[PDB]
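Notes follow once the structure below has been shown.
There are 4 protein chains.
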Amino acid sequence: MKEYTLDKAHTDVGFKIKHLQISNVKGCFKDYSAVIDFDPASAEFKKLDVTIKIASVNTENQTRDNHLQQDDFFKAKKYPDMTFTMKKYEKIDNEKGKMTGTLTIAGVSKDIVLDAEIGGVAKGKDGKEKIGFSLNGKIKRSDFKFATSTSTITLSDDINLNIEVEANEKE
Amino acid sequence: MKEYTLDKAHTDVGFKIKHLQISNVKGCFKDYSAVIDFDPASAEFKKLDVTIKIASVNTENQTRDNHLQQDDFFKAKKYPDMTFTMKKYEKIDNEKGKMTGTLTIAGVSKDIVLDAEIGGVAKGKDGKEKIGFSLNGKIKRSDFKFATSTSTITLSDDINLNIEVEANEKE
Amino acid sequence: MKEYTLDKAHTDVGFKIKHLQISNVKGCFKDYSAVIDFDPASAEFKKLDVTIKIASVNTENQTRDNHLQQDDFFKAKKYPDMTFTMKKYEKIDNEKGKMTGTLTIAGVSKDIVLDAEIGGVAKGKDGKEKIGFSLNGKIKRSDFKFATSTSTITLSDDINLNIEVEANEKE
Amino acid sequence: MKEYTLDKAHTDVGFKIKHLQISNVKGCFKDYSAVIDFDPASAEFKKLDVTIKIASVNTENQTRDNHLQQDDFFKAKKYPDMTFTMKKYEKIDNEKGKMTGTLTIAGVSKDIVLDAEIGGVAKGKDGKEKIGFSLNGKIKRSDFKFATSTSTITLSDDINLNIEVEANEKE
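Residue numbers (the working numbering), protein chains in the order written: chain A, 3 to 173; chain B, 3 to 173; chain C, 3 to 173; chain D, 3 to 173.
Structural data, given as structure tokens:
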């Protein structure tokens, strides 16, 4: 038998334990087109049709962006774009309204409601019109059978849409 | 009615979605004492008694370290230290053995098994002995009623102990 | 050495593995009062004030119901009731409107929006009025600092309110 | 304007909220073979080779059992069986030892340690031998690239093996 004394310098009294952390993935699409018809006399939208290039997704992370293009997500080879078509604008007051439209993700289509908030109507520097509105709402992955392989535990069924638009008159 | 054109520069076609991520919290205790009796003739431990100062926890994050001291974790005011007392060493061969001891966390005591791996026995520079062994095993939070308020979902019931010792002879 | 043959009848080649499952807790309150003022000429609400007895919660499980009364949930001893006061009804059409009100949970108050859906206005059997409407919306635990000890991982931050009312005229 | 009174009988003041629950999936395999060589003079295993028919899995649920056979789990069409081959038994005492062997799941092979606990050696009714031992240990899905598509969040990386054997002498 013999007696020893730790050498605290080259000793580590260590442990490891696993925990979960919830976090928000934020994202936009860098490339999209839209047709916007709006009547500033009445603060009503008349037509709003958006097309978004799935390839232009950005979640400040190049490897996840790539992964979003694959079979378990968007399938951008087969379905390069997502589209929104307004079907109905129901005015609440001049600042607020309920927008109903058809969202299409990887060829699956559902009618959604977005909350229109008109944050400012103006005549610009040059005397031609501008507008600044937002569109906000929550869609469910499951309504669109989006990423069905991924559990609703790992990744939320709820996606929150925040569309922030500034926009100038035409021609 | 009027027609607008997005100003892509001050437009954000955005979304937010929540996901979970699993991660390992790694940690040690910076301050502890131990009594080590070991027989290099037979590669058997004779006595191993450790006392650890809960206050000296380190998980490379000062606010979590603090939080670990509180009622929902260690309760360092009431129970400043955790202790391990070897009760039995069962040799497998000269490199490996099964250690049984009594672990005490916030005044609750359970007998645990650690896997002893002797990574090297030597006479040092000066002709006085050294040893380098490891102690590894898994304990359950629930066996010790540790952090009972925290769910086994958020934070794993399993803690993995990795004790890495280098140690020199006495007097 | 000797050779054996399993007795499959008293042998179990077994395993255990842990998984998570997401599920909806559904609930109502069995006891509450309300004051309802509604104008069937215009399909507008004028006043809607609800008081709910937290003690009357029902989630088809007596031990959870009890637990909901405690410090980590409602604190029914200190705060026996939750209240909603309408502040604004904004008509969309005769079937739909946006209700804004003040919800109070354990003494914390936030303005919320509920989606009013009028599912049917009538003169009853006896020639006195009835109505059937629904109120739907999502509130965040965190907005009300409700159950702050419970993680948003274990239990969702989002609560979905589904108020389904049938109601007859007064006196 | 008009005043109404709830009809509590056809009113529901309701809510829905999502929570997670952890649970153990328990399972065995109903059909398997083994070769067992054991020396009761010394309480040492000499040979232990097991083959398990993946098709015979049982987790008291027919739809999960089926699902376990598919590409995202066992792939029973391509790999109908899992095998264990003992490579080393290291005696601790007559009741306990450390078994090292090669486990093969869907064609991937890893050396694992199981804790042998001999719960009883005997001469039977007829004067021919019996034994009752258990084999216990933890394996990681990831070590075998098992169910790689399923997250370690949803389903634990750790599987706990509990093999409970009773067994009679040969010929």
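All C-beta atoms in this analysis are idealised placements derived from N, C-alpha and C, irrespective of residue type, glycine included.
Asked, Found
"Is it true that the region 35–48 of chain A meets the region 118–135 of chain A, where meeting means three or more beta-carbon pairs spaced less than 8 angstroms apart?", "yes"
"Classify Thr-61 (chain C) as helix, strand or coil using the three-state DSSP reduction.", "coil"
"Taking a cut of 8 angstroms between CB atoms, which residues from the region 8–30 of chain C lie near chain B?", "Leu-22"
"Which class does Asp-51 (chain C) belong to by DSSP, given the choice of helix, strand or coil?", "strand"
"Taking a cut of 8 angstroms between CB atoms, which residues from the region 133–151 of chain B lie near chain C?", "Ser-151"
"Reducing DSSP to helix, strand and coil, say where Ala-124 (chain D) ends up.", "strand"
"For a contact meaning CB atoms closer than 7 angstroms, what does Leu-163 (chain C) contact in chain D?", "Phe-17"
"In the structure shown, what three-state DSSP assignment does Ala-108 (chain A) receive?", "coil"
"Use the C-beta contact count for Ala-11 (chain D): other C-beta atoms within 10 angstroms, 16 or more gives buried, fewer gives exposed.", "exposed"
"Can you give the Cα-Cα distance for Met-101 (chain D) and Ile-94 (chain B), rounded to whole angstroms?", "12 angstroms"
"Would you tell me roughly how many angstroms separate the C-alpha atoms of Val-110 (chain B) and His-69 (chain C), rounded to the nearest one?", "26 angstroms"
"How about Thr-87 (chain D): is its C-beta nearer than 8 angstroms to some C-beta of chain B?", "no"
"Does DSSP put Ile-56 (chain D) in a helix, in a strand, or in coil?", "helix"
"Please list, in chain order, the residues of the region 45–67 of chain D that have any C-beta partner in chain A closer than 9 angstroms.", "none"
"Once the 5 residues before and after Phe-75 (chain D) are set aside, which same chain residues still bring their CB inside 8 angstroms of it?", "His-69, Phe-148 and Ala-149"
"Helix, strand or coil for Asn-68 (chain C) per DSSP?", "helix"
"Taking only beta-carbon positions, decide if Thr-154 (chain D) is within less than 8 angstroms of chain B.", "yes"
"Assuming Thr-106 (chain B) and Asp-51 (chain B) make a contact with CB atoms under 8 angstroms, what is their CB distance in whole Å?", "Not confirmed; about 11 angstroms, so no contact."
"Contact check, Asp-33 (chain A) vs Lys-18 (chain A) under 8 angstroms by CB: the rounded distance?", "Not really, about 43 angstroms apart at Cβ, beyond 8 angstroms."
"For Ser-158 (chain C), which residues does DSSP report across the bridge?", "DSSP output for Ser-158 (chain C) lists no bridge partner at all."
"Going straight from the alpha carbon of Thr-104 (chain C) to that of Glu-131 (chain A), what length do you get?", "38 angstroms"
"Using a Cβ cut-off of 9 angstroms, which residues of the region 100–113 of chain B contact any Cβ in chain D, in chain order?", "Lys-100"
"Among B:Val-37, B:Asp-159, B:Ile-161 and B:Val-15, whose alpha-carbon lies nearest the alpha-carbon of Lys-49 (chain B)?", "B:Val-37"
"Quick one: Cα of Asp-128 (chain D) to Cα of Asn-170 (chain D), how far?", "11 angstroms"
"Under 8 angstroms, Cβ to Cβ, is there at least one residue of chain D near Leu-70 (chain C)?", "no"
"Run down chain D in chain order and give the residues with a C-beta less than 8 angstroms from the C-beta of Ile-94 (chain B).", "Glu-92, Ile-94 and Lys-100"
"For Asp-159 (chain D) versus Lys-172 (chain D), is the C-beta spacing smaller than 8 angstroms?", "no"
"So, with DSSP's three-state summary, where would you put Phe-146 (chain C)?", "helix"
"What are the boundary residues of the beta strand (DSSP E) that includes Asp-95 (chain A)?", "83–95"
"List the residues of chain D that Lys-172 (chain C) touches, going by C-beta distances under 9 angstroms, in chain order.", "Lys-4, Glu-5, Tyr-6 and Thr-7"
"Going by beta carbon distance, what residues of the same chain come within less than 7 angstroms of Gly-139 (chain B), once the five residues before and after it are set aside?", "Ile-114, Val-115, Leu-116, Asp-117 and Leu-163"
"Could you tell me which chain A residues have their CB closer than 7 angstroms to the CB of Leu-157 (chain B), listed as they occur along the chain?", "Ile-19 and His-21"
"What residue from B:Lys-112, B:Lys-98 and B:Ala-108 has the CA that sits closest to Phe-47 (chain B)'s CA?", "B:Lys-98"
"Just how far apart, CA to CA, sit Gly-16 (chain D) and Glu-119 (chain D)?", "54 angstroms"
"Say whether chain C places a C-beta atom closer than 8 angstroms to the C-beta of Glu-131 (chain D).", "yes"
"Does DSSP put residue 1 (chain D) in a helix, in a strand, or in coil?", "In the structure as shown, chain D begins at 3 and stops at 173. Residue 1 (chain D) is therefore absent and cannot be evaluated."
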